[PDB]
Structures are given as structure tokens and as C-alpha cells.
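# Topology and contacts: notes
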Amino acid sequence: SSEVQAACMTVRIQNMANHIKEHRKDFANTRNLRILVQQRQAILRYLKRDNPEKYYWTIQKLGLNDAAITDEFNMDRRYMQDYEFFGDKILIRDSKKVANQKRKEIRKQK
Amino acid sequence: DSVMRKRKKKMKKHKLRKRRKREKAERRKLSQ
Amino acid sequence: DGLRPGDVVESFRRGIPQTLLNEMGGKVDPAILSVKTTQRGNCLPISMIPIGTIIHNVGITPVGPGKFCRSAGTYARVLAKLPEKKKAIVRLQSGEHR
Amino acid sequence: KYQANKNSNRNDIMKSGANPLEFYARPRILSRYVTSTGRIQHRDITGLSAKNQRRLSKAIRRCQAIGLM
Amino acid sequence: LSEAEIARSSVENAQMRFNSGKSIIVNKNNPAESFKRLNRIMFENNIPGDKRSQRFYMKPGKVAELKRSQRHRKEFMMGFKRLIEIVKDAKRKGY
Amino acid sequence: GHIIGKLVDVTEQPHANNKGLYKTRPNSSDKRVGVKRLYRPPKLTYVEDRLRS
Amino acid sequence: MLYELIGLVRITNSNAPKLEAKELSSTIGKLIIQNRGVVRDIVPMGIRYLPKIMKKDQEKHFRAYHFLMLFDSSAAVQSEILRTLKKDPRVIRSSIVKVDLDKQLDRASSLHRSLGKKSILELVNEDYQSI
Amino acid sequence: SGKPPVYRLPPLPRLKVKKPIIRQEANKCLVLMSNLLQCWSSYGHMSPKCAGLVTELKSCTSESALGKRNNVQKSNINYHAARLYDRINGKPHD
Amino acid sequence: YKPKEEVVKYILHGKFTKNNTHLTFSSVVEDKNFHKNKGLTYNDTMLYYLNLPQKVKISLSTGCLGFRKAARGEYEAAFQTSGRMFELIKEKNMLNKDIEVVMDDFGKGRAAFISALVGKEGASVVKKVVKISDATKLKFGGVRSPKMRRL
Amino acid sequence: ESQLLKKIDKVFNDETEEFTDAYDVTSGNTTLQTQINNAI
RNA sequence: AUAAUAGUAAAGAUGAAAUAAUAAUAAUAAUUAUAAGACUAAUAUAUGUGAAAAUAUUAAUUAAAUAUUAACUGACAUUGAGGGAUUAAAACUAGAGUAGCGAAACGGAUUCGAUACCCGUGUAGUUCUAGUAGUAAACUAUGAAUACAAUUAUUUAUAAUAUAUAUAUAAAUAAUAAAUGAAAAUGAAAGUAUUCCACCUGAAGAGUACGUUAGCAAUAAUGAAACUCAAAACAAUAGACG
Ligand SMILES: [Mg+2]
Ligand SMILES: [Mg+2]
Ligand SMILES: [Mg+2]
Ligand SMILES: [Mg+2]
Ligand SMILES: [Mg+2]
Ligand SMILES: [Mg+2]
Ligand SMILES: [Mg+2]
Ligand SMILES: [Mg+2]
Ligand SMILES: [Mg+2]
Ligand SMILES: [Mg+2]
Ligand SMILES: [Mg+2]
Ligand SMILES: [Mg+2]
Ligand SMILES: [Mg+2]
Ligand SMILES: [Mg+2]
Ligand SMILES: [Mg+2]
Ligand SMILES: [Mg+2]
Ligand SMILES: [Mg+2]
Ligand SMILES: [Mg+2]
Ligand SMILES: [Mg+2]
Ligand SMILES: [Mg+2]
Ligand SMILES: [Mg+2]
Ligand SMILES: [Mg+2]
Ligand SMILES: [Mg+2]
Ligand SMILES: [Mg+2]
Ligand SMILES: [Mg+2]
């Protein structure tokens, strides 16, 4: 059943994500982690399409929301930056985008 | 392709490389 | 380089301490002095330092303080020992074997 | 011309079915599959299966690592 | 009854314990065969050819190409030997 | 006298196999098609050959 | 994890080759047996010669006393046992190797599974039956 | 049991040997010389026993330096190979 | 107690490269008083015996016999040098003890060497040789040998 | 520790046999007979 | 590379010599002692594994991977614009290291000349850590997936009929029938069909100019038009030439 599948690969995801944290350099394993995460997304989308009650029950049991399942996820370096997979910046914004954000820092009175 | 067009493209690439090497100073001046 | 608050360092200029002296059966007999002989932080006479070890605070006389390789990031390497002449060749950071 | 080497065939325990990698601790057993200077004989000379030969090679290389060879 | 005396009775054993596999004893009567077989055992270890190839460096791609070429040549020759044997047998059998 | 082109359906065998497991679904072999066997030349065998050997 | 190590313990006391082998085995077995570890089997391969002269702990050793140890311990514990073995000057060469336990829990040493016997139970059964 | 496998060949324009090694025999008048030289080295130059070998050289040399040369055959293995390659090769049908 | 050295065996080394031939004659020296004195352990004496100290006696290349420059790597020059070694050994008369002949890479003078050794000139020196070995040395790993020679 | 001392003493005793593996021993059955006993 | 022991007058390279190192310690060669950088011999087929780039000295920790059976689920699948990650060698930014090889440079050679092919000294590079860039004849010059189609030989795995290796099913390789093709040839496809994505519309201009984007930089991506022409291109055949 979809929920059991999701729970099993959730355990696998936790374990081998812990490994990736331990080994930053390995890239093939990172590829497997991204593929497995996408597989969990796919099965859960089906579970939504079939039995919504179990869908929300299981995603809330594991610790995910409908957002983290429907949206496209690519294991991008921006994801690791935002959610602090390691702890240090990997991507670097150019002065254009940086200054665009700097200017965007309105700090408006509101 | 054969070695005919491969030779032609090689020469064009070489000429472009040399042309861009000679104009290094002008490029620097125009781009500040 | 790696000293941090919490580590333990010791000095052996007087010689092997009493604790090891009564532990000679399990300390000197297995020659596990190598565990503490080549350790970061503790100070030894050059006689007990194995050849090739990276060392600093090198003196000149047995009853003198360290004088060489005290600056930031400085190190010296022990090259040879001459028990007969009571002298040891110490490669020094300037590159002069002394 | 037709002189065969079936004496080996009956006496090579390696092709009997035994796991080569197990024998890494017995230098002699692998010693008969190395030339004078230790070079591993080619599959043709040994004549083992591909998997048996590859495991034998791993065993001897390991045995060299521990230094028995 | 002490050290270094039993040693002299064991030094020879110790010596032949360490052998490189190149050790060769020449016959007193005739030396031609001793060198001749030493020459053959040089070839069987291919140290001549490999030393010749060891004086210069070749690209990894080139060595791979050469290794494949030699393997095919050996395989082709062995196949040719097989066919030659079968034709000799067939000739004898009357075909 | 063996018959070529017959597949023993799961319903045909209700009893447990040698290992005590009841067969309830067709296996990988049943999925595959066997046209080649129909057109393959049959392999002739006689009991007499075993005795002759 | 079941582990199996080849030891090559130096012999300066030619009169007592087992002596320093005895001491080293006692020490590292002690280390493993307090350390949530079980020793499975120890058996010696005897006083045999090194293929080539190896210079260890300031000695160009020609011969060592090879001995066997089969033990169970955690990955961290076994790694540090290897560390102790390498740093200690009493042993000139060492190499651990795991033995897969996914199929059978009891597995004998390499030198034993090389023979007909495949596990410790076979060894004891043969010992009892023959004696 | 597991003998080395048999390796076939791709279809070939022909099957032949460059320079077949055909059987041949030495004159033995050179062998006579070899034996005589051995006798000279051991017994002594033109020593009594060597004299018999000396006369053997004389007999083998008198008419021809290498003596009478015959039995010079050639190997027709190329003929048979070309003859029955088309059958022995085991090529697939057309 | 008191160093008492003596000679036991002799070693003849022959190096043969593409452009030169190098023949070296040395003598094995050992001390028997060494083990008479105590204070040395079992490994000391085996280390001592296993590695026999040697001292060079005769060392010459093909340049010593009138061959200059290009002619140092040919058959004849090596042949004369090999013969020269033998007669030197003869005049030195070190034949008293047997000689061990190690070998080295080919060049072109190996053929000259073994021919002179088995030749009538060396027919009376072979009698003092029992063991022969090859030390043509090879490279298991790598040191990045030079490139091709685009000749 | 007691087991360690006893086993090491037994193993390293000069009287105890050692397998130097110099030669190949010429000379299973007990295991099969025990299996047949405990199976029949 | 340094040091020692003996030990001589030459050693090294080349088709042949000199550039650099020798009887000023006295080399080269041999045997020993110390340090360092780099690399990995047969095995060996890169076989094989890996998405590609890559990947073979040994042991260990973590992660992934195969076939059969049982059960479970229930069309949850294929492809995939945009997007994301990885991506040889060279190159660049900091920090360690630099044995050997080695752009550039300087010398020695051959030639009429030689800005080279050969020889010497050899800086960057080549090596490890953290990075930038995302390019190759990155090639099977052949995107992924599904159903099907006639033979042979060799290996690998599965199944007990066995009596002690015969019998059936899968995969790889090699040679083919049919088919396709401009032919060379492909031959679980380059055949018979279906689905999805990328790309092409004569040569030269030109992957050039301009703009934009991104990079510390070298540069990478995107990417025209004007002038000229009836050219331009592949497979195979027969000579001539080497
Ligand atoms: Mg999916
Ligand atoms: Mg094209
Ligand atoms: Mg531009
Ligand atoms: Mg400006
Ligand atoms: Mg020459
Ligand atoms: Mg030298
Ligand atoms: Mg290799
Ligand atoms: Mg492959
Ligand atoms: Mg692919
Ligand atoms: Mg439904
Ligand atoms: Mg896709
Ligand atoms: Mg895309
Ligand atoms: Mg590469
Ligand atoms: Mg740098
Ligand atoms: Mg160089
Ligand atoms: Mg140069
Ligand atoms: Mg990147
Ligand atoms: Mg491209
Ligand atoms: Mg056709
Ligand atoms: Mg078509
Ligand atoms: Mg086409
Ligand atoms: Mg561009
Ligand atoms: Mg016109
Ligand atoms: Mg053409
Ligand atoms: Mg012509």
C-alpha cells in the first residue's frame, strides 16, 4: 500500500541522507537520494488521487505537508543552502541579484 | 564531417584566436 | 596548531615521571612511550624525540630555554642524533641544519 | 603433441570448487599459481573459470599485502 | 649453549629462505645450457619486452589500443592454429 | 508422446507443492510466450538409450 | 561484525618465540574482551620467515611468529584495535578482514574453512567423534 | 570439465601460411665437419681418430662441397587449406 | 673482540646499456671474530650474514680499452672488455674462491659477455662459477619515464 | 579474562600442536553421521 | 638527492658530436644508510561496475546494485520543453608539496635558413585541501521506451531429471537469413510498428559582429544580417602515386 511504501522509503531517506551529511563529496549516493525522494513524492501524489484521508494522515504522520509533495523538487543547491543541509553557502549570488535583493531590502515602515 | 571541413574550421578557429590575442589591449581599454 | 581548551599536555624535561616508573612493566616494557613521545603539545628532550618529528621551541643547551621556531606557524624537523658527541642535527626553519 | 596436463586438473584444488579468497592465508596454495618472481599466470595457463581466476588474483594480491609473499 | 653459535648452523637456511626466483646454478661440465635456460626464463617472464616498453611513456589511450591489438592478434593466431589442425586431420582422413 | 503447447493452469493444481506452498498466481514462466517450442524440432528420446549406455 | 586478523609479531627473543606473541595476544584480547567483544578462536600459524627483509621498529626483521585471531566487535572498536596494532612496535605487519555473517552466524577461520571443516561446530564435533 | 573455449574466426578471403616450414635434412657433410672439429678439439688436430672423420669429410666433399643434395620437397598444406576451407570453416548459410 | 676480516666469495657484475658496457668485480668480505665476541643478538648475526659486505676490486668499462665515444656500445668492444675482466681476474688470480655472476639489462654487450664467458678465453674461468642470477631491474609503479622520440 | 588465560595457555603451550602448513596432509564423515543421528 | 666502502679514467646522449657532469674528492659502475614526490606488475579482458565523465596495489566504515519464490499494491507508467545535478584534459583563485615528466625561456645540434622534429638546464603545470568555470573526435560520429520477427557458435545465471552432466529458460558476444539502405553496412537494429523529446533545410560569410546573461579571468550560453557563387558533399568503381 502507498502509505507503507512511503514509510519504508522515509526510513531509507533519513538513513542515507544522514550518510550524505557525513560524506559531502559522494555524488552518486546524492543522485540516489534525490531519485528516492522523488519516488516518495510520486507514490504520495497517487495516494492523494486515490484515498485522500490516508494521504493527509500519512503525510502529517511523517512530517510533510501537501506543499512538500505536489511541488517540483530537484535537490537543488538552493535547497541545501536554505535548509542548512551542511551549514555553509554553496551557491553565490552575483552582484546584480545581490544588489537586487539589497535594494529589495526595503525595511518598510508598514 | 571529413578532414577537409575539419581543417577549414581549425584554421578559422586559429585565426580567431590570434585576432583576439592581438586585440587584448584594445578590449581592455574599451571595457575599462 | 590544534591546541584547544580541554586537551592535556605534559613536560618530560626532568624525565619519565613516577606514574610511568611504577608502570614500567606495562609502560616501558611494551614501549608505549611512543604513544606520548610523539604527541602534539608536550615537550621532550630531543634525545627522546624520534627522527623526523616536527618540533618547535628548540633550545641549544640542556639547561637552557627554547630559542628557535617560536614565531607564528614556525616548525623544525629533527634529522639525526649522535649519542657519542652529545649533539643532534636539527633542521631549522630557515633551512640551516644546526 | 597431444600431451595433456590433466595431472594438474585432478590436483588443482582451485578448480575443485573451493573459494580462492579463503586461501589468502596459505601462501603455498597460491604459490603454485605464481611464476618464479611472483607474476600471476594468465587465465590460459591456469585454465580456471573467470570468477575463480579473478578471486585467486584477489587472494594473492591480498596475501602480498599482508606480506606472506 | 648460547647465542650466535647456533646462528652459524642456521644462516645458510635463512639465506635460501629469501629467494627471488631468479636463482640459478650452472652445471660444472657444460655452461651453455645454463645460460640458454636463463635466457628462456627471461622471456617467460617478459622482463625484456616490458623493460623495453618501460624506457618511454605512452598515453593511456595508446596502451589500451596496443593491448587490444595484441589480444586480437593472439586470438586470431590461435583460431588459425585450430583450423590448420582440422584441415590436417581432414586431409589424413581422406577428405 | 509428450504434448507441446499445454500450460498447467493454477486452477488445475489445488494441492501444495513439494515445499508445502500453495500456488495461487501464475509465475514468470507462464507469462512468457512459447511459439518457438511449437516450431522447434522435437528432441527425440527413448528409454532404451539409457540401457544401451 | 566478525573479524579475522593476521598477526606478524616480532621475535627478538629467539629462545621464546611464543613469549612476546603470548604477551601481545593477551593484551589485545584483553582490549577486545572488555570492549563489548567476543573472541572466537586463536590459533598460531607458527614461526615462519618473512618473504623479504622488512625494516620495522628499527630492525630489519627476517622472521616473525604468525598467529591467528578471530573475534567479534564493533566497527569503531576493531578500527582502534588495528590502530593499536600498527602503532605498537611488537608487531611488524597486521591486516584485519571481516567475515560475512549474513548467511551463517558461526563461521570458522580462513585456515579452517580452507579445509573441509566449515565452522566451529564441525571442529568440535570432529574432536569429540575422533576422541 | 571447464576446458578453455574454442575461438572461431570471422570469414576470411583465404586460409594459407606465409612461408610454410617444410621438412628438410642436413647434408651431414657439415655434421661430419662438426664431429671432426670436436675430435680435433678433444683428441688433437689431425689426431689418429680424427683421421677417420678426416676421410669422411674427404668422401663427402670430393664431388660436392655440401655433398649430394636431394629430398628437397615443399609443403602443400596451402593447397589443402584452400581446397577445403569453404567446408571446414562452418560459416552460416546464405 | 678484534676485527678479523677475510674473503669468501667473489661477485662479477655486468651492466650493458645501449651506449656502454660496465663490468665490475668485487669480493665478499666477512669477519669470523665477529660472532666469537658476545654482546650481539640473533638478529644482528643474521642481518650481518644475510647482507654480506663487499669491496670493489676491478672496475672498468669499454672506454678503458681504446674505444671512444660511438664505439662504446657494440659487440666487439664488450667482448674485449669481458675478456679483459677474465684475464684481470686471472692475473689477480682471485679464482681461489668461486665467483657469483649477477646480470643486468641487455644493451648489446650481454651477447658479447656470455660468448666470452663460454669462449675458450673464459673456458678456464667458468670452472670457478656455480651460481648466476639476473638483476635486470623493472618498475612496478611509475616515475613518468620520458616521452616518445619522434624520430 | 579467566577464559582468555586458559585458552591462550592451551594454544601457546609447546605441547599443543601447531600447523606450520609445510606439507599437505593426506588425512567429512562425523558431521554427516551426527546429522543422520539427529535427523532420523 | 645526500653520505660511506672499496675502486679506476673516463661517464652521458645521438645515425655522429657539443651543450650539462670528470684524475681540485677521484667520477661512471657496484654494495650499503637516510629523505622525499609520484605512480600502481603480472592478474587483464576495463572483463566488469557506473547515468555519463570514469573505474583494476591491499584492508576497513557508509550507501547502491542481481535472479527465483511468497505476499502486498493497483495502471501509481513512458517521454519530458523550462529547470536541476554530475561532467576528462587544459585554465584560474587561496594554502601545502614539487622526486620524475614538462608548455615557455636559454644553450647544443641538422639544414642555405630551422622560430621544429634530436640533446642539456629546465619556470608554470603536473600533487593534496576548498573553490570557479561546465567545455572535448564529451564517439557506438547511432536519445529514451514499448510489442514483434529466422538460424548458428561460445560464455554467464537459474531449475532437479540424474547414476557421476545431459535437458529447458534468460543475458552478453561473434557470424548470418529476411528486411532496410546511396552503398560501405546494421542485423534485439540502421528491420516491422507505436509514443515522447532534441536538431537540419546549398557553400562562404559564421558559431563571426552586436546585444544580453554568468564568471576573478581565460571565456561559456544565446545569436543575426550585408557582399560573392553554382556550387558544395557522402558511398562505391577503375587507374596513377607512395
Ligand atoms: Mg517515478
Ligand atoms: Mg555531420
Ligand atoms: Mg567575442
Ligand atoms: Mg573608459
Ligand atoms: Mg650505439
Ligand atoms: Mg652510482
Ligand atoms: Mg596492473
Ligand atoms: Mg564491456
Ligand atoms: Mg545511457
Ligand atoms: Mg480501478
Ligand atoms: Mg525522465
Ligand atoms: Mg532539460
Ligand atoms: Mg583518463
Ligand atoms: Mg597554485
Ligand atoms: Mg627530464
Ligand atoms: Mg626540450
Ligand atoms: Mg561545478
Ligand atoms: Mg559541444
Ligand atoms: Mg540479405
Ligand atoms: Mg525505413
Ligand atoms: Mg541515412
Ligand atoms: Mg562562443
Ligand atoms: Mg561557371
Ligand atoms: Mg570517399
Ligand atoms: Mg599502379
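Residues numbered from 1 in each chain as written, not as in the entry; some residues may be left out. Chains lettered and ligands numbered in written order. Part of a larger assembly, values for the part shown. Heavy atoms only, no water.

Method-wise, the PDB entry is recorded as coming from cryo-EM, at a reported resolution of 3.2 Å.

## So, the overall build of chain J
Rules: In this text, helices come from DSSP runs of H or I with a minimum length of four residues, and strands from runs of E with a minimum of two, each type numbered from the N-terminal end. Relative accessibility decides the category of a residue: with a 1.4 Å probe and only protein chains considered, values under 20% of the type maximum give buried, values over 50% give exposed, and everything between is partly exposed. With residues, only the protein chains shown are counted as cover, and all accessible areas are computed by Shrake-Rupley using a 1.4 Å probe.
Scanning chain J from N- to C-terminus turns up two helices and zero strands. Seen through its principal axes, chain J has C-alpha atoms that stretch 40 × 35 × 15 Å. Counting over 40 residues, chain J shows a buried share of 15%. Of the roughly 3500 Å² of accessible surface on chain J, a fraction of 52% belongs to carbon and sulfur atoms.

## Quick notes on the sheet that holds strand β1 (residues 54-55) of chain C
Residue and element names in this part refer to chain C. So the rule is basically this: Pairing between two strands is assigned when DSSP locates at least 2 bridges connecting them.
Taken in spatial order, the three strands line up as β1-β2-β3 in an open sheet, and their pairing is antiparallel. Lying at the two open borders of the sheet, with one neighbouring strand each, are β1 and β3 (87-91). Note that strand β2 (residues 76-82) and β3 share five bridges and pair antiparallel. Each bridged residue has a counterpart across the sheet, and for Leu82 the counterpart in β3 is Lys87.

## What to know about the packing of aromatic side chains
Counted only if it meets this: Aromatic pairs are defined between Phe, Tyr and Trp rings, using the six-membered ring for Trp, whenever the two ring centres lie within 6.5 Å; interplanar angles under 30 degrees are classed as stacked, those over 60 as edge-to-face, and all others as tilted.
This structure, assessed with the given rule, holds 15 aromatic pairs over all chains. Ring centres 4.9 Å apart and planes at 90 degrees place the aromatic pair A:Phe73 and A:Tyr79 in the edge-to-face group. Owing to a relative accessible area of 22%, A:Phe73 belongs among the partly exposed residues under this scheme. Exposure remark for A:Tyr79: the relative accessible area of 19% places this residue in the buried category. Between I:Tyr10 and I:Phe25 the ring centres are 5.8 Å apart and the planes differ by 20 degrees, which places this aromatic pair in the stacked class. A residue pair is termed long-range when its members are at least 10 positions apart, and I:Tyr10 in strand β1 (residues 5-16) and I:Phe25 in strand β2 (residues 21-31) qualify at 15 residues. Residue I:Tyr10 shares its accessibility class with I:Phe25, and that shared class is buried.

## Quick look at the interface of chain I and chain E
The line we're drawing: Note on contacts: a residue pair qualifies if any of its non-hydrogen atoms lie within 4.5 Å across the two residues. Two parts placed together each lose some accessible area under a 1.4 Å probe, and adding up what both lose gives the buried area. Just to be clear on terms, a salt bridge is a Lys or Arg side-chain nitrogen sitting within 4 Å of an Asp or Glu carboxyl oxygen. Ten residues, namely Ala, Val, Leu, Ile, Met, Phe, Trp, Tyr, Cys and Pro, are considered nonpolar, four, namely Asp, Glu, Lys and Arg, are considered charged, and the remaining ones, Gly among them, are considered polar.
In this assembly, 30 residues from chain I lie in contact with 30 residues from chain E. For the pair chain I and chain E, the two sides together bury roughly 2900 Å², of which 68% comes from carbon and sulfur. Looking at the side of chain I facing chain E, the largest losses of area belong to I:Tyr42, I:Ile132 and I:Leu138, adding up to 20% of the total buried there. Scanning the region where chain I abuts chain E turns up one salt bridge. Between I:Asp134 and E:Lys22 there is a salt bridge whose closest N-O contact spans 3.2 Å. Elements with a minimum of two residues in the side of chain I that touches chain E: α1 (33-36), α2 (42-50), α4 (109-118) and β5 (129-134) of chain I. Broken down by element, the side of chain I that touches chain E gets its largest block of residues, six residues, from β5(I). Of the residues in the side of chain I that touches chain E, the class split is 15 nonpolar, five polar and 10 charged.

## Points about the sheet that holds strand β1 (residues 2-10) of chain G
The cut-off we apply is this: Angles run from 0 to 180 degrees between N-to-C directions of axes, and those axes are lines fitted to C-alpha atoms, restricted for helices to the stretch in contact.
Within the open sheet, the four strands sit side by side as β2-β3-β1-β4 (chain G). Their pairing is antiparallel. The sheet is open, and its two borders are formed by β2 (38-56) and β4 (91-99) of chain G, each paired with just one other strand. Within the sheet, the average angular offset between the axes of one strand and its neighbour, ignoring direction, is 20 degrees. Judged from the 13 bridges that link them, β2(G) and strand β3 (residues 59-72) of chain G form a sheet pairing that is antiparallel. Bridge assignment links G:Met54 to a residue of β3(G), and that residue is G:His61. Contacts between helix α4 (residues 50-66) of chain D and the sheet are confined to β1 and β4 of chain G, with β4(G) contributing the most and set at about 145 degrees to the helix.

## Description of the arrangement of the chains
Taken together, the 10 pairs of chains in contact show their highest number of contacts between chains E and I. Considering only C-alpha positions, the minimal separation of the non-contacting chain A and chain J is 37 Å. Chain H shows no contact with chain J. Their nearest C-alpha atoms sit 24 Å apart.

## Regarding the pairing of β5(I)
Short version of the rule: The definition of a right-handed crossover adopted here requires that, viewed with the strands pointing away, the path from the first strand over the helix to the second runs clockwise.
Counting buried positions over the six residues of β5(I) gives five, a clear majority of the element. For strand β1 (residues 24-25) of chain E and β5(I), the ladder comprises two bridges, and the chain directions are antiparallel. Residue pairing across strands places E:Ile25 opposite I:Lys131, the latter belonging to β5(I). Remark: the strand β4 (residues 99-103) of chain I/α4(I)/β5(I) crossover connection has right-handed handedness.

## Re the environment of F:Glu12
You can see F:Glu12 is positioned in the segment before α1 (28-31). F:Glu12 sits 15 residues away from F:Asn27 along the chain, and the two C-alpha atoms are 14 Å apart.

## Brief notes about the nonpolar core
Filter applied, for reference: Grouping buried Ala, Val, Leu, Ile, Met, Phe, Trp, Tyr and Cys residues that are joined through side-chain atoms within 4.5 Å yields what is termed a nonpolar core.
Membership of the largest hydrophobic core comes to 32 residues, with the highest contact counts inside it found for I:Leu12, I:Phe25, I:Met85, I:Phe86, I:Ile99, I:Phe113 and I:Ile132. For this core, the secondary structure elements donating two or more residues are α2 (32-44) of chain E together with β1, β2, β3 (54-61), α3 (75-92), β4, α4 and β5 of chain I. Counting residues per element, this core draws most heavily on α3(I), at five residues. Ignoring sequence-local partners within four residues, the contact set of I:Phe25 consists of I:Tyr10, I:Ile11, I:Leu12, I:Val56, I:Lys57, I:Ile58, I:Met85, I:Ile89, I:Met94 and I:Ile99. Listed in part, the 26 residues of the second largest apolar core include D:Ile60, D:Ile66, G:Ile6 and G:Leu50.

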